[PDB]
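Q: Sharing query_37.cif (mmCIF, C-alpha atoms and all ligand atoms) below.
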data_input
#
loop_
_atom_site.label_atom_id
_atom_site.label_comp_id
_atom_site.auth_asym_id
_atom_site.auth_seq_id
_atom_site.Cartn_x
_atom_site.Cartn_y
_atom_site.Cartn_z
CA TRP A 1 11.41 -4.53 140.31
CA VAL A 2 13.29 -1.40 138.99
CA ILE A 3 16.70 0.34 139.06
CA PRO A 4 15.94 3.18 141.58
CA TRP B 1 -2.60 14.37 145.47
CA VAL B 2 -4.51 12.32 142.78
CA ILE B 3 -7.92 10.76 142.02
CA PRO B 4 -7.14 7.05 142.77
CA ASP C 6 -15.59 6.21 147.52
CA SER C 7 -14.85 9.89 146.60
CA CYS C 8 -11.41 9.91 148.41
CA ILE C 9 -8.28 11.76 147.11
CA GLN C 10 -4.89 10.04 147.44
CA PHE C 11 -1.39 11.21 148.42
CA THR C 12 0.99 9.28 146.08
CA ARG C 13 4.10 9.50 148.33
CA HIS C 14 2.31 8.67 151.65
CA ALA C 15 3.22 4.91 151.85
CA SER C 16 6.92 5.61 150.94
CA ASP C 17 7.08 8.47 153.54
CA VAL C 18 5.55 6.17 156.22
CA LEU C 19 8.17 3.46 155.47
CA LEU C 20 11.03 6.03 155.48
CA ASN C 21 9.90 7.17 159.01
CA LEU C 22 9.58 3.58 160.25
CA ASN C 23 13.21 3.00 159.08
CA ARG C 24 14.28 6.21 160.95
CA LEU C 25 12.67 4.78 164.13
CA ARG C 26 14.51 1.45 163.56
CA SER C 27 17.90 3.23 163.07
CA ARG C 28 17.38 5.13 166.39
CA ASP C 29 16.02 1.97 168.13
CA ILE C 30 12.67 3.74 168.89
CA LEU C 31 9.68 1.52 169.89
CA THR C 32 11.44 -1.67 168.63
CA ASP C 33 9.75 -4.57 170.49
CA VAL C 34 11.66 -7.67 169.38
CA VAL C 35 15.19 -9.01 168.82
CA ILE C 36 15.72 -11.56 166.01
CA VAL C 37 18.68 -13.83 166.80
CA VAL C 38 20.52 -15.28 163.76
CA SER C 39 23.48 -17.46 164.86
CA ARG C 40 25.61 -15.06 166.99
CA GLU C 41 24.00 -11.89 165.50
CA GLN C 42 21.10 -9.85 166.96
CA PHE C 43 18.69 -7.61 164.99
CA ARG C 44 16.23 -5.22 166.62
CA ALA C 45 12.94 -4.53 164.80
CA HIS C 46 9.21 -3.70 165.02
CA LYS C 47 6.97 -6.81 165.09
CA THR C 48 4.31 -5.06 162.91
CA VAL C 49 6.83 -4.29 160.11
CA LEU C 50 8.21 -7.89 160.25
CA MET C 51 4.58 -9.24 159.94
CA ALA C 52 3.74 -6.82 157.09
CA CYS C 53 6.76 -8.14 155.08
CA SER C 54 7.06 -11.84 155.94
CA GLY C 55 4.66 -14.79 155.95
CA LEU C 56 6.85 -16.44 158.62
CA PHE C 57 6.72 -13.44 161.06
CA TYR C 58 3.00 -12.96 160.30
CA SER C 59 2.38 -16.59 161.46
CA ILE C 60 4.70 -16.19 164.52
CA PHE C 61 3.26 -12.96 165.89
CA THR C 62 -0.45 -13.91 165.33
CA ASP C 63 0.19 -16.91 167.59
CA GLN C 64 -1.41 -16.29 171.04
CA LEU C 65 1.86 -17.39 172.85
CA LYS C 66 4.64 -16.21 170.47
CA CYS C 67 3.01 -12.73 170.06
CA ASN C 68 4.36 -11.91 173.60
CA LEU C 69 8.00 -13.01 173.06
CA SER C 70 10.70 -10.28 173.02
CA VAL C 71 13.30 -12.70 171.48
CA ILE C 72 12.90 -14.94 168.36
CA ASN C 73 15.66 -17.40 167.38
CA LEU C 74 15.83 -18.32 163.68
CA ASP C 75 16.86 -21.74 162.31
CA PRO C 76 20.72 -22.15 162.67
CA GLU C 77 20.96 -22.69 158.86
CA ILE C 78 19.99 -19.00 158.35
CA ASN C 79 22.88 -16.76 157.33
CA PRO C 80 23.10 -13.42 159.33
CA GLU C 81 24.13 -11.42 156.20
CA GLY C 82 21.17 -12.79 154.17
CA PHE C 83 18.84 -11.80 157.05
CA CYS C 84 20.41 -8.29 157.34
CA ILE C 85 19.90 -7.65 153.56
CA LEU C 86 16.25 -8.79 153.87
CA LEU C 87 15.57 -6.70 157.03
CA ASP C 88 16.98 -3.64 155.14
CA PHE C 89 14.61 -4.48 152.20
CA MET C 90 11.61 -4.70 154.59
CA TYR C 91 12.25 -1.14 155.84
CA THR C 92 13.34 0.47 152.51
CA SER C 93 11.93 -1.49 149.44
CA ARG C 94 15.65 -1.72 148.35
CA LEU C 95 17.33 -5.12 147.88
CA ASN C 96 21.17 -5.38 147.87
CA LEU C 97 21.29 -8.42 145.58
CA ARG C 98 24.85 -9.44 144.52
CA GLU C 99 26.52 -12.50 142.90
CA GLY C 100 28.20 -13.33 146.25
CA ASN C 101 25.00 -13.15 148.36
CA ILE C 102 22.12 -14.21 146.00
CA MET C 103 22.05 -17.87 147.16
CA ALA C 104 21.94 -16.87 150.90
CA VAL C 105 19.34 -14.11 150.14
CA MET C 106 17.02 -16.53 148.19
CA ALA C 107 17.28 -19.27 150.93
CA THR C 108 16.53 -16.68 153.69
CA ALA C 109 13.57 -15.21 151.65
CA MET C 110 12.10 -18.73 151.14
CA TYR C 111 12.37 -19.37 154.94
CA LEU C 112 10.88 -15.91 155.75
CA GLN C 113 8.14 -16.43 153.08
CA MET C 114 8.86 -13.20 151.13
CA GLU C 115 7.39 -14.25 147.77
CA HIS C 116 8.42 -11.19 145.69
CA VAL C 117 12.11 -11.47 146.80
CA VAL C 118 12.10 -15.26 146.04
CA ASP C 119 10.70 -14.41 142.53
CA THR C 120 13.45 -11.85 141.64
CA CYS C 121 16.20 -14.21 142.97
CA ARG C 122 14.88 -17.11 140.81
CA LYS C 123 14.85 -14.78 137.73
CA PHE C 124 18.39 -13.40 138.38
CA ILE C 125 19.75 -16.99 138.87
CA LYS C 126 17.96 -18.19 135.65
CA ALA C 127 19.66 -15.33 133.66
CA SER C 128 23.17 -16.47 134.80
CA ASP D 6 24.45 1.55 146.01
CA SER D 7 23.68 -1.18 143.38
CA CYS D 8 20.27 -2.11 144.98
CA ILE D 9 17.12 -3.07 142.97
CA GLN D 10 13.74 -1.76 144.15
CA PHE D 11 10.25 -3.28 144.46
CA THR D 12 7.84 -0.44 143.43
CA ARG D 13 4.76 -1.77 145.31
CA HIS D 14 6.59 -2.71 148.58
CA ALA D 15 5.69 0.45 150.64
CA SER D 16 1.99 0.29 149.55
CA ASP D 17 1.84 -3.49 150.37
CA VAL D 18 3.41 -2.83 153.82
CA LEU D 19 0.79 -0.12 154.56
CA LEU D 20 -2.07 -2.36 153.32
CA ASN D 21 -0.90 -5.11 155.78
CA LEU D 22 -0.56 -2.62 158.66
CA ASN D 23 -4.20 -1.54 157.98
CA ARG D 24 -5.26 -5.26 158.00
CA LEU D 25 -3.60 -5.61 161.45
CA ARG D 26 -5.44 -2.45 162.65
CA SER D 27 -8.84 -3.75 161.37
CA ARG D 28 -8.29 -7.06 163.29
CA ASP D 29 -6.89 -5.19 166.36
CA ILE D 30 -3.54 -7.09 166.09
CA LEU D 31 -0.53 -5.66 168.03
CA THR D 32 -2.30 -2.28 168.56
CA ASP D 33 -0.57 -0.69 171.60
CA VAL D 34 -2.49 2.55 172.21
CA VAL D 35 -6.02 3.97 172.44
CA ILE D 36 -6.57 7.58 171.29
CA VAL D 37 -9.51 9.15 173.14
CA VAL D 38 -11.39 11.92 171.26
CA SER D 39 -14.33 13.24 173.34
CA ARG D 40 -16.44 10.09 174.01
CA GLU D 41 -14.86 8.10 171.11
CA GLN D 42 -11.95 5.62 171.32
CA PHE D 43 -9.57 4.67 168.47
CA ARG D 44 -7.10 1.79 168.66
CA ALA D 45 -3.83 2.11 166.69
CA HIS D 46 -0.10 1.30 166.42
CA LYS D 47 2.15 3.97 168.01
CA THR D 48 4.78 3.55 165.21
CA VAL D 49 2.21 4.27 162.43
CA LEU D 50 0.86 7.31 164.37
CA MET D 51 4.48 8.65 164.74
CA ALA D 52 5.28 7.99 161.05
CA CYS D 53 2.24 10.12 160.00
CA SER D 54 1.96 12.89 162.61
CA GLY D 55 4.37 15.46 164.06
CA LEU D 56 2.22 15.54 167.22
CA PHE D 57 2.37 11.72 167.83
CA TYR D 58 6.08 11.70 166.89
CA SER D 59 6.72 14.26 169.70
CA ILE D 60 4.44 12.38 172.18
CA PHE D 61 5.89 8.89 171.73
CA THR D 62 9.59 10.01 171.68
CA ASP D 63 8.99 11.48 175.15
CA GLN D 64 10.63 9.23 177.80
CA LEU D 65 7.39 9.26 179.96
CA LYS D 66 4.58 9.42 177.34
CA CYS D 67 6.19 6.61 175.23
CA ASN D 68 4.88 4.13 177.90
CA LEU D 69 1.24 5.34 178.03
CA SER D 70 -1.48 2.99 176.65
CA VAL D 71 -4.08 5.84 176.56
CA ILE D 72 -3.72 9.35 174.98
CA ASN D 73 -6.48 11.96 175.40
CA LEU D 74 -6.69 14.60 172.65
CA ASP D 75 -7.73 18.25 173.19
CA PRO D 76 -11.58 18.41 173.76
CA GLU D 77 -11.87 20.78 170.73
CA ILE D 78 -10.91 17.84 168.43
CA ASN D 79 -13.83 16.41 166.46
CA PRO D 80 -14.03 12.51 166.53
CA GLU D 81 -15.11 12.35 162.83
CA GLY D 82 -12.17 14.55 161.72
CA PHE D 83 -9.81 12.27 163.69
CA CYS D 84 -11.39 9.08 162.20
CA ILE D 85 -10.91 10.41 158.60
CA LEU D 86 -7.26 11.26 159.40
CA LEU D 87 -6.55 7.87 161.08
CA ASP D 88 -7.99 6.16 157.93
CA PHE D 89 -5.66 8.37 155.77
CA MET D 90 -2.63 7.37 157.92
CA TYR D 91 -3.26 3.66 157.23
CA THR D 92 -4.39 3.93 153.55
CA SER D 93 -3.02 7.17 151.85
CA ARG D 94 -6.75 7.91 151.07
CA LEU D 95 -8.43 11.07 152.39
CA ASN D 96 -12.26 11.29 152.56
CA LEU D 97 -12.40 15.07 152.09
CA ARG D 98 -15.97 16.47 151.73
CA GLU D 99 -17.66 19.92 151.88
CA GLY D 100 -19.28 18.96 155.22
CA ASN D 101 -16.06 17.76 156.92
CA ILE D 102 -13.21 19.87 155.37
CA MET D 103 -13.11 22.46 158.20
CA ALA D 104 -12.97 19.72 160.93
CA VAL D 105 -10.38 17.72 158.87
CA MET D 106 -8.08 20.80 158.36
CA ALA D 107 -8.30 21.80 162.11
CA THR D 108 -7.52 18.18 163.19
CA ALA D 109 -4.59 17.94 160.65
CA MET D 110 -3.11 21.25 161.96
CA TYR D 111 -3.33 19.89 165.57
CA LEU D 112 -1.85 16.50 164.52
CA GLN D 113 0.87 18.30 162.44
CA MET D 114 0.11 16.47 159.15
CA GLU D 115 1.54 19.07 156.74
CA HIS D 116 0.47 17.45 153.42
CA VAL D 117 -3.20 17.13 154.57
CA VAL D 118 -3.19 20.79 155.81
CA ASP D 119 -1.83 21.82 152.33
CA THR D 120 -4.60 20.03 150.31
CA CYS D 121 -7.33 21.40 152.68
CA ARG D 122 -6.02 25.01 152.23
CA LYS D 123 -6.04 24.52 148.40
CA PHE D 124 -9.57 23.00 148.32
CA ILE D 125 -10.92 25.85 150.55
CA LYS D 126 -9.17 28.51 148.35
CA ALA D 127 -10.90 27.02 145.22
CA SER D 128 -14.38 27.43 146.82
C1 LIG E 1 -2.63 -12.70 154.59
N1 LIG E 1 -3.08 -11.60 155.51
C2 LIG E 1 -4.56 -11.48 155.72
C3 LIG E 1 -2.16 -10.70 156.15
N2 LIG E 1 -2.65 -9.73 157.02
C4 LIG E 1 -1.74 -9.00 157.70
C5 LIG E 1 -0.38 -9.20 157.54
CL1 LIG E 1 0.69 -8.33 158.45
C6 LIG E 1 0.07 -10.18 156.60
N3 LIG E 1 1.38 -10.29 156.24
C7 LIG E 1 2.00 -11.30 155.43
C8 LIG E 1 1.49 -12.61 155.21
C9 LIG E 1 2.00 -13.45 154.19
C10 LIG E 1 3.02 -12.93 153.38
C11 LIG E 1 3.55 -11.62 153.57
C12 LIG E 1 3.06 -10.78 154.59
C13 LIG E 1 4.63 -11.37 152.56
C14 LIG E 1 4.63 -12.66 151.73
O1 LIG E 1 5.29 -12.93 150.73
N4 LIG E 1 3.67 -13.54 152.28
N5 LIG E 1 -0.83 -10.92 155.91
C1 LIG E 2 11.64 14.35 161.75
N1 LIG E 2 12.10 12.93 161.99
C2 LIG E 2 13.57 12.73 162.09
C3 LIG E 2 11.19 11.83 162.11
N2 LIG E 2 11.67 10.56 162.37
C4 LIG E 2 10.77 9.58 162.60
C5 LIG E 2 9.41 9.83 162.57
CL1 LIG E 2 8.35 8.62 162.94
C6 LIG E 2 8.96 11.15 162.26
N3 LIG E 2 7.64 11.42 162.02
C7 LIG E 2 7.02 12.70 161.83
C8 LIG E 2 7.52 13.95 162.29
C9 LIG E 2 7.01 15.18 161.83
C10 LIG E 2 5.97 15.14 160.88
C11 LIG E 2 5.44 13.90 160.40
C12 LIG E 2 5.94 12.67 160.85
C13 LIG E 2 4.35 14.18 159.41
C14 LIG E 2 4.34 15.72 159.34
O1 LIG E 2 3.67 16.45 158.62
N4 LIG E 2 5.31 16.21 160.25
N5 LIG E 2 9.85 12.14 162.03
CL CL E 3 8.62 -9.77 149.29
CL CL E 4 0.31 14.42 155.83
#
What's the structure tokens form of this structure?
A:
Amino acid sequence: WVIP
Amino acid sequence: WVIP
Amino acid sequence: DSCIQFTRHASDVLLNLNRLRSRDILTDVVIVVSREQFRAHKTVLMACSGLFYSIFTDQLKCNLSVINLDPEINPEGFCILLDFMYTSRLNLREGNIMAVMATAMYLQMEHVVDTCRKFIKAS
Amino acid sequence: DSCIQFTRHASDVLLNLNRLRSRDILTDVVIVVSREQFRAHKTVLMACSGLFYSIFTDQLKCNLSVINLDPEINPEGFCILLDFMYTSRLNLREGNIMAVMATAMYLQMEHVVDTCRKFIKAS
């Protein structure tokens, strides 16, 4: 999971 | 396009 | 093999499937959550959820145009998860994280359940 | 928004859609290319091809279970492109590149046409  |  | 690969292809496919959903094109099922109705593509639901995969591989349920979820399921939690299925983006907030995790456990969306457990553990 | 994103989600969705294709699950169309028949999901075909997008948004053609391509279309070129649609992988070879480029131009798959033009220019 990432900060888009 | 890439070499997978 | 000796294939070449187009990096953005999967993302572009998903973006177009979401465009079809937003315009209600070739949607073949309605998911009923309490009073709320959500139109979608059975194949996308199966690709994202262990629960829908089981439902639509069933020789009788595969032909249903309407699926009613368990009355305990929160419509907002479902909406956030349906958006994630079609975009890869999860709107996870303090006020919705419990409903999102419970809905993801019911829908059998293992990666969403994992990030919810981690975010709850941090707080 | 304040969304989080799961990097592998789009790729995982496409992998599952290819698993459904390989098992012939929820396929809703047959594409006829000369003597050869190819089963697929209309939504995936639309997401990948400008030609299928135009065909299946048409109020009459959207309901057809069989689509016949132009007799000039090579079945092998189509097979390689259908595989690309469901995997992001293109089996481009010296012996098939002309048939692949011609099929991609007909199907309106701009990124495939672009890599074929570049590979031909190099040789
Ligand atoms: C497991 N399998 C062969 C398969 N083939 C095709 C599809 Cl569409 C599919 N989808 C599915 C099944 C289980 C789960 C998911 C999708 C997401 C998840 O967390 N569990 N799973
Ligand atoms: C252009 N548009 C709004 C849109 N919405 C939904 C879909 Cl499924 C779609 N697909 C499509 C159209 C044109 C082209 C492609 C897909 C691939 C391409 O090279 N050209 N295009
Ligand atoms: Cl997931
Ligand atoms: Cl393309």
Q: Return the single residue from C:108, C:93, C:68, C:59 that is closest to chain D, with distances computed using all atoms listed in the file.
A: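 Checking each candidate against chain D, we get C:93 as the closest.
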Q: Could you check which of C:51, C:11, C:125, C:119 is closest to ligand LIG 1 (chain E), using all atoms listed in the file?
A: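 Checking each of C:51, C:11, C:125, C:119 against ligand LIG 1 (chain E), counting all atoms listed in the file, the winner is C:51.
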Q: Which residues, protein or nucleic acid, reach to within 9 Å of (10.5, -7.6, 141.7) in the file's coordinates when using only C-alpha atoms, and can you give that as number ranges by chain?
A: A: 1-2; C: 116-121; D: 9-13
Q: Compute the set of protein, DNA and RNA residues whose minimum atom distance to ligand CL 4 (chain E) is at most 8 Å, using all atoms listed in the file, and state it as a compact mmCIF listing (two decimals) with C-alpha atoms, in the coordinates of the input.
A:
# COMPACT_ATOMS: atom_id res chain seq x y z
CA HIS C 14 2.31 8.67 151.65
CA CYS D 53 2.24 10.12 160.00
CA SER D 54 1.96 12.89 162.61
CA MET D 90 -2.63 7.37 157.92
CA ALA D 109 -4.59 17.94 160.65
CA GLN D 113 0.87 18.30 162.44
CA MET D 114 0.11 16.47 159.15
CA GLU D 115 1.54 19.07 156.74
CA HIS D 116 0.47 17.45 153.42
CA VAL D 117 -3.20 17.13 154.57
CA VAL D 118 -3.19 20.79 155.81
Q: Could you work out an axis-aligned box for range 81-99 of chain C, taking every atom the file lists and adding 5 Å on each side, and report centre and edge lengths in Å to one decimal, as lines of an AutoDock Vina configuration file?
A:
center_x = 19.1
center_y = -6.2
center_z = 150.1
size_x = 24.9
size_y = 23.3
size_z = 24.4
Q: Once you count all atoms listed in the file, which residues of chain D turn out to be within 7 Å of chain C? Could you give them as a VMD selection string?
A: chain D and resid 7 to 11 14 to 16 18 to 19 21 to 22 48 52 to 53 93 to 97
Q: Which residue gives the smallest distance to ligand LIG 2 (chain E) among D:37, D:112, D:87, D:72, with all atoms listed in the file counted?
A: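 That would be D:112, the residue with the smallest distance to ligand LIG 2 (chain E).
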Q: As an exercise, work out the distance from atom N5 of ligand LIG 1 (chain E) to CA of residue 63 in chain C in Å and give it to one decimal place.
A: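 Spanning atom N5 of ligand LIG 1 (chain E) to CA of residue 63 in chain C is a straight-line distance of 13.2 Å.
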Q: Report the distance between CA of residue 74 in chain C and CA of residue 33 in chain C in Å, rounded to one decimal place.
A: 16.5 Å
Q: Pick out the closest residue to residue 57 in chain C from this set: C:122, C:79, C:34, C:42. Count only C-alpha atoms.
A: C:34
Q: CA of residue 60 in chain D and atom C7 of ligand LIG 1 (chain E), how far apart in Å?
A: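 CA of residue 60 in chain D lies 29.1 Å from atom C7 of ligand LIG 1 (chain E).
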Q: Please complete range 88-111 of chain D so it has N, CA, C and O atoms, and hand it over as an mmCIF file, in the coordinates of the input.
A:
data_model
loop_
_atom_site.group_PDB
_atom_site.id
_atom_site.type_symbol
_atom_site.label_atom_id
_atom_site.label_comp_id
_atom_site.auth_asym_id
_atom_site.auth_seq_id
_atom_site.Cartn_x
_atom_site.Cartn_y
_atom_site.Cartn_z
ATOM 1 N N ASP D 88 -7.791 6.941 159.154
ATOM 2 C CA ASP D 88 -7.990 6.160 157.930
ATOM 3 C C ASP D 88 -6.939 6.546 156.883
ATOM 4 O O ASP D 88 -6.345 5.656 156.270
ATOM 5 N N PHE D 89 -6.693 7.867 156.696
ATOM 6 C CA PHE D 89 -5.660 8.370 155.770
ATOM 7 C C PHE D 89 -4.277 7.829 156.164
ATOM 8 O O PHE D 89 -3.513 7.396 155.299
ATOM 9 N N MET D 90 -3.940 7.872 157.464
ATOM 10 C CA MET D 90 -2.630 7.370 157.920
ATOM 11 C C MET D 90 -2.367 5.953 157.453
ATOM 12 O O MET D 90 -1.269 5.654 156.996
ATOM 13 N N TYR D 91 -3.383 5.078 157.577
ATOM 14 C CA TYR D 91 -3.260 3.660 157.230
ATOM 15 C C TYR D 91 -3.570 3.314 155.764
ATOM 16 O O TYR D 91 -3.412 2.148 155.389
ATOM 17 N N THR D 92 -4.027 4.276 154.946
ATOM 18 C CA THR D 92 -4.390 3.930 153.550
ATOM 19 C C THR D 92 -3.835 4.843 152.449
ATOM 20 O O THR D 92 -3.924 4.464 151.274
ATOM 21 N N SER D 93 -3.416 6.080 152.792
ATOM 22 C CA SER D 93 -3.020 7.170 151.850
ATOM 23 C C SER D 93 -4.273 7.845 151.238
ATOM 24 O O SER D 93 -4.121 8.768 150.445
ATOM 25 N N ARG D 94 -5.488 7.399 151.621
ATOM 26 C CA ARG D 94 -6.750 7.910 151.070
ATOM 27 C C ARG D 94 -7.431 8.856 152.036
ATOM 28 O O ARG D 94 -7.660 8.495 153.193
ATOM 29 N N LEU D 95 -7.774 10.060 151.559
ATOM 30 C CA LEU D 95 -8.430 11.070 152.390
ATOM 31 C C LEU D 95 -9.869 11.331 151.948
ATOM 32 O O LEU D 95 -10.102 11.771 150.816
ATOM 33 N N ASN D 96 -10.838 11.062 152.850
ATOM 34 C CA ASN D 96 -12.260 11.290 152.560
ATOM 35 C C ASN D 96 -12.611 12.753 152.850
ATOM 36 O O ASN D 96 -13.163 13.090 153.903
ATOM 37 N N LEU D 97 -12.211 13.630 151.936
ATOM 38 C CA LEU D 97 -12.400 15.070 152.090
ATOM 39 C C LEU D 97 -13.707 15.481 151.428
ATOM 40 O O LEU D 97 -13.894 15.219 150.233
ATOM 41 N N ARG D 98 -14.644 16.047 152.222
ATOM 42 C CA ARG D 98 -15.970 16.470 151.730
ATOM 43 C C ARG D 98 -16.306 17.882 152.211
ATOM 44 O O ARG D 98 -15.751 18.349 153.209
ATOM 45 N N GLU D 99 -17.233 18.565 151.512
ATOM 46 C CA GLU D 99 -17.660 19.920 151.880
ATOM 47 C C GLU D 99 -18.058 20.016 153.364
ATOM 48 O O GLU D 99 -17.664 20.961 154.049
ATOM 49 N N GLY D 100 -18.798 19.016 153.839
ATOM 50 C CA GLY D 100 -19.280 18.960 155.220
ATOM 51 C C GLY D 100 -18.262 18.630 156.288
ATOM 52 O O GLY D 100 -18.545 18.819 157.472
ATOM 53 N N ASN D 101 -17.070 18.125 155.911
ATOM 54 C CA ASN D 101 -16.060 17.760 156.920
ATOM 55 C C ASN D 101 -14.723 18.502 156.786
ATOM 56 O O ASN D 101 -13.880 18.369 157.673
ATOM 57 N N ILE D 102 -14.503 19.233 155.675
ATOM 58 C CA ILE D 102 -13.210 19.870 155.370
ATOM 59 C C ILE D 102 -12.702 20.811 156.477
ATOM 60 O O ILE D 102 -11.498 20.816 156.738
ATOM 61 N N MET D 103 -13.583 21.586 157.123
ATOM 62 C CA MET D 103 -13.110 22.460 158.200
ATOM 63 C C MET D 103 -12.618 21.645 159.402
ATOM 64 O O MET D 103 -11.560 21.974 159.951
ATOM 65 N N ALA D 104 -13.364 20.579 159.797
ATOM 66 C CA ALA D 104 -12.970 19.720 160.930
ATOM 67 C C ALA D 104 -11.696 18.933 160.591
ATOM 68 O O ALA D 104 -10.820 18.797 161.444
ATOM 69 N N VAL D 105 -11.577 18.457 159.333
ATOM 70 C CA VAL D 105 -10.380 17.720 158.870
ATOM 71 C C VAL D 105 -9.138 18.636 158.920
ATOM 72 O O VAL D 105 -8.124 18.213 159.484
ATOM 73 N N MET D 106 -9.214 19.865 158.345
ATOM 74 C CA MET D 106 -8.080 20.800 158.360
ATOM 75 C C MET D 106 -7.632 21.145 159.787
ATOM 76 O O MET D 106 -6.428 21.119 160.060
ATOM 77 N N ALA D 107 -8.588 21.465 160.685
ATOM 78 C CA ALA D 107 -8.300 21.800 162.110
ATOM 79 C C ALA D 107 -7.615 20.614 162.832
ATOM 80 O O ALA D 107 -6.627 20.812 163.561
ATOM 81 N N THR D 108 -8.101 19.380 162.584
ATOM 82 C CA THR D 108 -7.520 18.180 163.190
ATOM 83 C C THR D 108 -6.096 17.941 162.625
ATOM 84 O O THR D 108 -5.187 17.608 163.393
ATOM 85 N N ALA D 109 -5.904 18.144 161.297
ATOM 86 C CA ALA D 109 -4.590 17.940 160.650
ATOM 87 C C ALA D 109 -3.563 18.959 161.145
ATOM 88 O O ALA D 109 -2.396 18.616 161.315
ATOM 89 N N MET D 110 -4.001 20.212 161.402
ATOM 90 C CA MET D 110 -3.110 21.250 161.960
ATOM 91 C C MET D 110 -2.657 20.850 163.384
ATOM 92 O O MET D 110 -1.475 20.943 163.719
ATOM 93 N N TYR D 111 -3.599 20.357 164.197
ATOM 94 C CA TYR D 111 -3.330 19.890 165.570
ATOM 95 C C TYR D 111 -2.394 18.667 165.540
ATOM 96 O O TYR D 111 -1.431 18.595 166.318
#
